[PDB]
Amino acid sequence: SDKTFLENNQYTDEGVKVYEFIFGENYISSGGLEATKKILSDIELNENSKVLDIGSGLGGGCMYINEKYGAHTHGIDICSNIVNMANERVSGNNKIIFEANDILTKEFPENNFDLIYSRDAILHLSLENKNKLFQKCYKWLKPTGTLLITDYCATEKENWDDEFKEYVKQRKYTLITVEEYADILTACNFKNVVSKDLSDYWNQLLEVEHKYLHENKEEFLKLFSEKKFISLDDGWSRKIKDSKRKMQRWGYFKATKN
(Lines of atoms letter the chains of each structure in order from A and count residues from 1; the text may use other names and numbers.)
(Lines give C-alpha, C1' and ligand atoms only; values in the text may rest on other atoms or scores of the structure.)
Protein backbone atom coordinates (compact mmCIF):
# COMPACT_ATOMS: atom_id res chain seq x y z
CA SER A 1 0.00 0.00 0.00
CA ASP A 2 0.91 3.68 -0.13
CA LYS A 3 0.64 3.79 3.63
CA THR A 4 3.24 1.05 4.01
CA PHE A 5 5.56 2.70 1.48
CA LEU A 6 5.50 5.96 3.43
CA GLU A 7 5.87 4.44 6.89
CA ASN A 8 8.71 2.19 5.85
CA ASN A 9 10.81 4.66 3.89
CA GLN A 10 10.49 8.42 3.95
CA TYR A 11 8.53 8.54 7.19
CA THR A 12 10.04 5.80 9.38
CA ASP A 13 10.20 6.96 12.99
CA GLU A 14 13.83 7.93 12.55
CA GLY A 15 13.15 9.66 9.24
CA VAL A 16 10.50 11.78 10.94
CA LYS A 17 12.83 12.66 13.85
CA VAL A 18 15.57 13.70 11.41
CA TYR A 19 13.07 15.94 9.58
CA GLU A 20 11.91 17.40 12.88
CA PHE A 21 15.50 18.25 13.80
CA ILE A 22 15.85 20.51 10.79
CA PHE A 23 12.30 21.85 10.33
CA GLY A 24 11.73 22.44 14.02
CA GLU A 25 9.89 21.00 16.95
CA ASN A 26 6.57 19.45 15.93
CA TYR A 27 7.13 20.04 12.24
CA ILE A 28 7.94 18.06 9.12
CA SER A 29 6.71 20.86 6.80
CA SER A 30 8.83 23.54 5.10
CA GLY A 31 9.86 26.44 7.30
CA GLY A 32 8.40 24.92 10.51
CA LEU A 33 6.95 27.48 12.89
CA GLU A 34 8.07 30.62 11.16
CA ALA A 35 6.51 29.71 7.78
CA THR A 36 3.33 28.71 9.62
CA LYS A 37 3.11 32.15 11.18
CA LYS A 38 3.55 33.81 7.81
CA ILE A 39 1.15 31.55 5.91
CA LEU A 40 -1.60 32.13 8.50
CA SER A 41 -0.96 35.84 8.89
CA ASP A 42 -3.99 36.93 6.89
CA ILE A 43 -6.30 34.15 8.02
CA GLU A 44 -9.19 34.86 10.40
CA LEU A 45 -10.74 32.17 12.62
CA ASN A 46 -12.05 31.93 16.15
CA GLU A 47 -13.01 29.58 18.93
CA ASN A 48 -16.02 28.40 16.96
CA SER A 49 -14.12 27.60 13.77
CA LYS A 50 -13.55 24.07 12.49
CA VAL A 51 -10.28 23.30 10.74
CA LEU A 52 -9.11 20.25 8.83
CA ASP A 53 -5.35 19.74 8.35
CA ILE A 54 -4.59 17.31 5.54
CA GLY A 55 -1.25 15.66 6.21
CA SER A 56 -0.96 16.91 9.77
CA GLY A 57 2.42 15.30 10.43
CA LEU A 58 3.84 15.96 13.93
CA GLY A 59 0.94 18.32 14.66
CA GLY A 60 2.68 21.66 14.98
CA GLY A 61 0.31 23.28 12.47
CA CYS A 62 -2.80 22.25 14.40
CA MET A 63 -1.15 23.25 17.70
CA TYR A 64 -0.42 26.68 16.28
CA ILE A 65 -3.87 27.16 14.82
CA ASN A 66 -5.53 26.14 18.06
CA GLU A 67 -3.20 28.39 20.06
CA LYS A 68 -3.66 31.42 17.85
CA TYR A 69 -7.40 31.21 17.26
CA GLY A 70 -8.82 28.68 19.76
CA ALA A 71 -10.27 26.80 16.77
CA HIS A 72 -11.24 23.14 16.69
CA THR A 73 -8.51 21.37 14.68
CA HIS A 74 -8.69 17.88 13.15
CA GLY A 75 -5.54 16.52 11.52
CA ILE A 76 -5.51 13.50 9.25
CA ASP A 77 -2.32 11.71 8.25
CA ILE A 78 -2.02 8.32 6.62
CA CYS A 79 1.04 7.32 8.62
CA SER A 80 0.06 5.67 11.90
CA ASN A 81 3.44 6.15 13.43
CA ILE A 82 3.47 9.87 12.79
CA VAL A 83 -0.01 10.24 14.27
CA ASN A 84 1.16 8.35 17.35
CA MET A 85 4.01 10.80 17.67
CA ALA A 86 1.74 13.77 17.27
CA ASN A 87 -0.66 12.44 19.92
CA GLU A 88 2.29 12.26 22.39
CA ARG A 89 2.77 15.98 21.91
CA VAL A 90 -0.66 17.16 23.05
CA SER A 91 -2.72 16.33 26.11
CA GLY A 92 -5.77 17.66 27.81
CA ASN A 93 -6.94 19.54 24.70
CA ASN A 94 -10.34 18.51 23.43
CA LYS A 95 -10.08 20.83 20.48
CA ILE A 96 -7.09 19.07 18.83
CA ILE A 97 -7.61 15.65 17.27
CA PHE A 98 -5.09 13.68 15.23
CA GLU A 99 -6.40 10.69 13.24
CA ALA A 100 -4.56 8.10 11.16
CA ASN A 101 -6.57 7.59 8.00
CA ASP A 102 -6.55 7.87 4.20
CA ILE A 103 -8.03 11.25 3.34
CA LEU A 104 -9.20 9.77 0.01
CA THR A 105 -11.63 7.43 1.83
CA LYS A 106 -12.36 9.42 5.00
CA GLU A 107 -15.94 10.63 5.31
CA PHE A 108 -16.73 14.17 6.45
CA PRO A 109 -20.05 16.01 6.17
CA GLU A 110 -20.67 18.52 3.40
CA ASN A 111 -20.32 22.15 4.48
CA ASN A 112 -18.29 21.25 7.52
CA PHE A 113 -15.01 23.21 7.72
CA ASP A 114 -14.14 26.86 7.97
CA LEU A 115 -10.59 26.14 6.85
CA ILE A 116 -9.02 23.22 5.01
CA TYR A 117 -5.26 23.52 5.41
CA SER A 118 -2.45 21.42 4.00
CA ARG A 119 1.30 21.89 4.13
CA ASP A 120 3.59 20.00 1.74
CA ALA A 121 1.57 16.79 1.78
CA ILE A 122 -0.44 16.55 -1.44
CA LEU A 123 2.78 15.92 -3.47
CA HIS A 124 2.37 12.26 -2.42
CA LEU A 125 -0.89 11.92 -4.37
CA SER A 126 -1.13 10.89 -8.01
CA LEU A 127 -2.65 13.51 -10.35
CA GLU A 128 -5.92 11.58 -10.43
CA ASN A 129 -6.02 11.60 -6.64
CA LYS A 130 -5.14 15.28 -6.33
CA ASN A 131 -8.25 16.01 -8.42
CA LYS A 132 -10.35 13.64 -6.36
CA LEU A 133 -9.09 15.23 -3.12
CA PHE A 134 -9.81 18.78 -4.16
CA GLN A 135 -13.34 17.79 -5.20
CA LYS A 136 -13.84 16.37 -1.74
CA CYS A 137 -12.40 19.51 -0.19
CA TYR A 138 -14.87 21.65 -2.11
CA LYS A 139 -17.74 19.63 -0.67
CA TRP A 140 -16.36 19.59 2.87
CA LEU A 141 -15.84 23.34 3.01
CA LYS A 142 -18.53 25.59 4.43
CA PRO A 143 -20.00 28.10 1.99
CA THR A 144 -17.91 30.74 3.79
CA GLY A 145 -14.79 28.54 4.09
CA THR A 146 -11.25 28.84 2.77
CA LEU A 147 -8.80 26.32 1.25
CA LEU A 148 -5.17 27.06 2.04
CA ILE A 149 -2.34 24.97 0.68
CA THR A 150 1.39 24.89 0.21
CA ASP A 151 2.91 22.09 -1.81
CA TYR A 152 5.96 21.03 -3.71
CA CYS A 153 5.68 21.89 -7.41
CA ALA A 154 8.04 21.87 -10.34
CA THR A 155 8.84 23.25 -13.77
CA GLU A 156 7.46 21.33 -16.65
CA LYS A 157 8.68 17.72 -16.76
CA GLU A 158 10.44 18.25 -20.13
CA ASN A 159 12.88 20.54 -18.30
CA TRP A 160 13.89 18.19 -15.46
CA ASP A 161 17.47 17.04 -15.18
CA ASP A 162 18.77 13.63 -14.27
CA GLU A 163 19.20 14.33 -10.52
CA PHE A 164 15.78 15.91 -10.18
CA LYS A 165 14.09 13.06 -12.06
CA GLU A 166 15.73 10.57 -9.74
CA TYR A 167 14.62 12.54 -6.61
CA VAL A 168 11.03 12.62 -7.77
CA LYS A 169 11.11 8.94 -8.71
CA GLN A 170 12.67 7.79 -5.46
CA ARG A 171 10.19 9.83 -3.42
CA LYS A 172 7.30 8.69 -5.59
CA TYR A 173 6.05 12.30 -5.78
CA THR A 174 3.79 13.66 -8.43
CA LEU A 175 5.00 17.21 -8.91
CA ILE A 176 3.06 19.46 -11.24
CA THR A 177 3.47 23.11 -12.12
CA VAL A 178 2.02 25.88 -10.00
CA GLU A 179 -0.19 26.75 -12.98
CA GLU A 180 -1.54 23.21 -13.42
CA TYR A 181 -2.29 23.08 -9.71
CA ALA A 182 -4.27 26.32 -9.83
CA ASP A 183 -6.19 24.98 -12.81
CA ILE A 184 -7.29 21.96 -10.77
CA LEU A 185 -8.71 24.23 -8.11
CA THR A 186 -10.51 26.28 -10.76
CA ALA A 187 -11.90 23.11 -12.34
CA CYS A 188 -13.26 22.04 -8.91
CA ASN A 189 -15.18 25.36 -8.82
CA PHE A 190 -13.23 27.08 -6.15
CA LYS A 191 -13.52 30.88 -6.30
CA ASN A 192 -10.94 33.62 -5.84
CA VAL A 193 -8.15 31.18 -6.60
CA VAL A 194 -4.86 32.84 -5.71
CA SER A 195 -1.66 31.00 -6.55
CA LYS A 196 1.83 32.27 -5.68
CA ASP A 197 5.12 30.79 -6.83
CA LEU A 198 6.93 31.14 -3.48
CA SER A 199 10.11 29.48 -4.65
CA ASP A 200 12.25 32.44 -3.56
CA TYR A 201 10.80 32.46 -0.06
CA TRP A 202 11.14 28.66 0.07
CA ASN A 203 14.83 29.12 -0.88
CA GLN A 204 15.17 31.51 2.07
CA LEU A 205 13.55 29.01 4.41
CA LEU A 206 15.84 26.27 3.14
CA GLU A 207 18.90 28.43 3.72
CA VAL A 208 17.89 29.09 7.31
CA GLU A 209 17.40 25.37 7.86
CA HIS A 210 20.68 24.46 6.13
CA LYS A 211 22.59 26.93 8.30
CA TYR A 212 20.93 25.52 11.40
CA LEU A 213 21.95 22.00 10.39
CA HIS A 214 25.55 23.06 9.86
CA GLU A 215 25.74 24.99 13.15
CA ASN A 216 24.24 22.11 15.06
CA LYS A 217 26.15 19.29 13.43
CA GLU A 218 27.64 18.01 16.69
CA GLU A 219 24.27 17.57 18.30
CA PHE A 220 22.87 15.94 15.12
CA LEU A 221 25.69 13.39 15.08
CA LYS A 222 24.98 12.49 18.70
CA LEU A 223 21.34 11.87 17.89
CA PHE A 224 21.73 10.27 14.49
CA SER A 225 24.68 9.30 12.36
CA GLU A 226 27.11 10.88 9.98
CA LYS A 227 25.48 8.97 7.10
CA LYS A 228 22.12 10.57 7.91
CA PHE A 229 23.73 13.97 8.21
CA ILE A 230 25.30 13.72 4.75
CA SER A 231 22.03 12.62 3.20
CA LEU A 232 20.13 15.48 4.84
CA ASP A 233 22.84 18.06 4.03
CA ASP A 234 22.98 17.01 0.37
CA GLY A 235 19.18 16.90 0.14
CA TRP A 236 18.90 20.50 1.32
CA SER A 237 21.75 21.56 -0.95
CA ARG A 238 19.88 20.23 -4.00
CA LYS A 239 16.62 21.87 -2.94
CA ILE A 240 18.41 25.18 -2.56
CA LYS A 241 20.02 24.84 -6.01
CA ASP A 242 16.83 23.69 -7.68
CA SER A 243 14.59 26.32 -6.11
CA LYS A 244 17.02 29.07 -7.09
CA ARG A 245 16.64 28.06 -10.72
CA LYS A 246 12.94 27.24 -10.43
CA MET A 247 13.34 23.59 -11.32
CA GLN A 248 11.74 22.62 -8.00
CA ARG A 249 9.14 25.15 -7.00
CA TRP A 250 7.05 25.91 -3.93
CA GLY A 251 3.42 26.72 -4.54
CA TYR A 252 0.99 28.56 -2.31
CA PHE A 253 -2.74 28.35 -3.06
CA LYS A 254 -5.67 30.05 -1.39
CA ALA A 255 -9.29 29.77 -2.57
CA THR A 256 -12.85 29.96 -1.38
CA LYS A 257 -16.02 28.02 -1.83
CA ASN A 258 -18.03 31.13 -2.73
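One rule holds for the numbers: they count along the sequence shown, beginning at 1.
Visitor: Give the stretch, out of 65-73 and 214-222, with the larger mean C-alpha temperature factor in the deposited entry.
Guide: If you average the C-alpha B-factors of 65-73 and of 214-222, the larger mean comes out for 214-222.
Visitor: When the C-alpha temperature factors are averaged for each of 98-106 and 167-175, which stretch ends up with the higher value in the entry?
Guide: Stretch with the higher mean C-alpha B-factor: 98-106.
Visitor: Among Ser118, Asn93, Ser126, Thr146, single out the one with the highest C-alpha B factor in the record, please.
Guide: The record points to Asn93.
Visitor: Just the C-alpha B-factor column, please: which of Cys137, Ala187, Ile122, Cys153 has the biggest number?
Guide: That would be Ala187, according to the entry.
Visitor: Within this chain's modelled residues, let me know which third the CA B factor of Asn26 belongs to: lowest, middle or highest.
Guide: As the PDB entry reports it, the C-alpha B-factor of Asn26 lands in the lowest third of its chain.
Visitor: Tell me, lowest, middle or highest third: where does the Cα B factor of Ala86 rank within its chain?
Guide: Answer is highest: the recorded C-alpha B-factor places it there.
Visitor: Among the chain's modelled residues, which third holds the C-alpha B-factor of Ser237?
Guide: Answer is middle: the recorded C-alpha B-factor places it there.
Visitor: Against its chain's modelled residues, does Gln10's Cα B factor rank lowest, middle or highest third?
Guide: Answer is lowest: the recorded C-alpha B-factor places it there.
Visitor: Looking at the C-alpha B-factor of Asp162, is it in the lowest, middle or highest third of its chain?
Guide: It belongs to the highest third of the chain when residues are ordered by C-alpha B-factor.
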